[PDB]
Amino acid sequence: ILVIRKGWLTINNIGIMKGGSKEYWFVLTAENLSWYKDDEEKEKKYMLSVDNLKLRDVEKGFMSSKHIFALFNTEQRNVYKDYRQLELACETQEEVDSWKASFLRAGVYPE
């Protein structure tokens, strides 16, 4: 399988009261997006198919500088478990646009 990109991203809406936000190591391929505990990839957390996924921007914060974008299933109400969308946070606008371009190669287009 051809890997498109690997890098760290922060899952912004999965956890919260359980344990802050925490960053995960993501591996995006043309077929799926998988995230692991770290770059050693010896402990996988989940593998999400990119089928029927689209991407969209999300403005939220007004406290600490952050940039969010989310993946959502267009054929379903919940993209993963009981979550409507998978919110991924990056440090800069540059990094978000960088990841968006990568998702484009996997067929994940903006809403």
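Sequential numbering from 1, following the sequence displayed.
Just going by the entry, 48-56 versus 62-70 on mean CA temperature factor gives the higher value to 62-70. The stretch 17-25 shows the higher mean C-alpha B-factor when 17-25 is compared against 86-94 in the entry. When all modelled residues of the chain are sorted by CA temperature factor, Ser34 is found within the lowest third.
In the PDB entry, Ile1 places in the highest third of its chain by CA B-factor.
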